[PDB]
Amino acid sequence: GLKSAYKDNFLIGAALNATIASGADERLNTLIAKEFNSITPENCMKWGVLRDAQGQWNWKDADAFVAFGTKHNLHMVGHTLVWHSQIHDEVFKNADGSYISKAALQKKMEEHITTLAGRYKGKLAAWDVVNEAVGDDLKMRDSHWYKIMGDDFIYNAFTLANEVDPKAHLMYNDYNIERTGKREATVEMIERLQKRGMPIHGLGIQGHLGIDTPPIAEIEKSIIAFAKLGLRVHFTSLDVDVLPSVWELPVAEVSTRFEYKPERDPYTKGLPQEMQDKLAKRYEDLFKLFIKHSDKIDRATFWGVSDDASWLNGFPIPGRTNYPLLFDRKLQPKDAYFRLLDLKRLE
Ligand SMILES: O[C@@H]1[C@@H](O)[C@H](O[C@@H]2CO[C@@H](O[C@@H]3CO[C@@H](O[C@@H]4CO[C@@H](O)[C@H](O)[C@H]4O)[C@H](O)[C@H]3O)[C@H](O)[C@H]2O)OC[C@H]1O
Ligand SMILES: O[C@@H]1[C@@H](O)[C@H](O[C@@H]2CO[C@@H](O[C@@H]3CO[C@H](O)[C@H](O)[C@H]3O)[C@H](O)[C@H]2O)OC[C@H]1O
Ligand SMILES: [Mg+2]
């Protein structure tokens, strides 16, 4: 499998949803053990999923995930301690809408990280400590975290995670940092936090790619730039969106562009071979680049195992039929998978 083909290069990972991590599906258990040597929880360790609005914890799924990784001796990545998404507004706000104090929020962060990173200390090899702190306008993201705490929200999260599990490989993770602009903004942020003494070991590039964009040359500049910070580079959430893109439509469509329309969902009956070919070539191009820079890269994780489970079926448009991953809806390897193997088989 892939994990073996790529053994001398980097870990090969997959995000697992709660149904898969339950271990009920023997077909998937077999596939995962063959193909992947790292796993990430797709949702179950996110603050708002693990805890309710009153802060109460329910460990069923997160424990199942860690049990699965332990059973199969898989490298496990915690995802994610501090993030602005999938987190209750109650963490940040009084019921009247007003923000709580920086001190009150610090206490919550302290409890959350001490509890969550503590429970799995030594079991999870790595943590996404902070996710998506740079906004797409290249300023710091204007989240409640940042508005209340300033950049201490980042500094404190890493410091805390490091005190709780000193052996964990701590990462900052983000999307679109493959691209000029956000790349350099991220470098500058991390640089200044590093000079402040923040513990950080790795840099996660999500790798939510389109079938065409961004180009290999852009991703290459990112691998190089982030490695220069003395950080290990991980590709954390790989997928390739093969469906009509609505990201850059004219202003008249700004609000309607996320609506379902049949023309935006052209492959409900299957992905035609010509698109399989393009998808395979795109993955081949990407993994050629990763191999080239294997000295800088610790891991390539896919954001799912097979196409049926991909979040891209419902994002950014609900109810589409996307084909972003290496295994199809019948758990069979797609052409892309064989191209990835051949890169290694043939030297
Ligand atoms: O919650 C997080 C999500 O918000 C995040 O969504 C990402 C948002 O940005 C997306 O990147 C888009 C990709 O499309 C680009 O424009 C295309 C350029 O090529 C043209 O051929 C095409 O017509 C355009 O539409 C756009 O510049 C770029 O910003 C990214 O894919 C999403 O994943 O994902 C992470 C979540 O946690
Ligand atoms: O409506 C909710 C869904 O929107 C939710 O979907 C999950 C959203 O998060 C995705 O993972 C992120 C993908 O992008 C980046 O890589 C992030 O780092 C990831 O965390 C999941 O894949 C989706 O399943 O699920 C809950 C539902 O209530
Ligand atoms: Mg272990």
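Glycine also receives a Cβ, built like all others from the backbone with ideal geometry; neighbour counts cover every protein chain displayed. Values quoted throughout were computed directly from the atomic coordinates according to the rules given, and no laboratory measurement underlies them.
Of the residues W57, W311, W145, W303, the one with the fewest other Cβ atoms within 10 Å heads the list, and the complete ranking is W57, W311, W303, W145. The Cβ shell under 15 Å around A185 holds other residues with a net charge of -4, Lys and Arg each +1, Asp and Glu each -1. Listed by Cβ neighbour count within 10 Å, with the fewest neighbours leading, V242, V254 appear as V254, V242. Look at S85, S98, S245 and count the other Cβ atoms within 10 Å of each Cβ; fewest to most, that gives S98, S85, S245.
Net charge in the neighbourhood of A53 (other residues with Cβ under 10 Å of its Cβ; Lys, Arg +1, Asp, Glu -1) is -2. Using only alpha-carbon positions in region 220-347, the gyration tensor eigenvalues give semi-axes of 28, 20, 12 Å once each is multiplied by 5 and square-rooted (largest first).
DSSP finds beta bridges in region 192-347, and of those with both partners inside it, around 10 percent are antiparallel. Distances between placed amide hydrogens fall under 5 Å for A126 paired with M76, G78, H169, all partners being 5 or more residues away or on another chain. Using C-alpha pairs under 8 Å with a sequence gap of at least 6, the mean separation divided by the residue count of region 69-178 gives a relative contact order of 36 percent. Counting only DSSP beta bridges whose two residues both lie in the chain, roughly 10 percent are antiparallel.
Calculate, in nm to one decimal, what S98 and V246 gain on full extension: separation in residues at 0.36 nm each, minus their alpha carbon distance.
On the way: separation 148, 0.36 × 148 = 53.28 nm, distance 3.45 nm.
Separation in residues times 0.36 nm, less the Cα-Cα distance, equals 49.8 nm.
For all pairs of alpha-carbon atoms in the chain, what percent lies in each bin of width 10 Å, listed from the first bin to the last filled one? In order of increasing distance, the bins hold 5, 25, 34, 27, 9, 1, 0 percent. Less than 5 angstrom separates the built amide H of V134 from those of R141, all sequence-distant by 5 or more or on a different chain. With the simple model of a label 7 Å out from the Cα in the direction of the Cβ, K123 to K228 spans 4.0 nm. Report summary: the helix-based calculation at 222 nm, which adds -39500 (n - 2.57) for every DSSP H run with n ≥ 4 and divides by the residues of the chain, gives -11000 deg cm²/dmol. Counted by Cβ distance under 14 Å from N37, the other residues give a net charge of +2, where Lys and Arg count +1 and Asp and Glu count -1.
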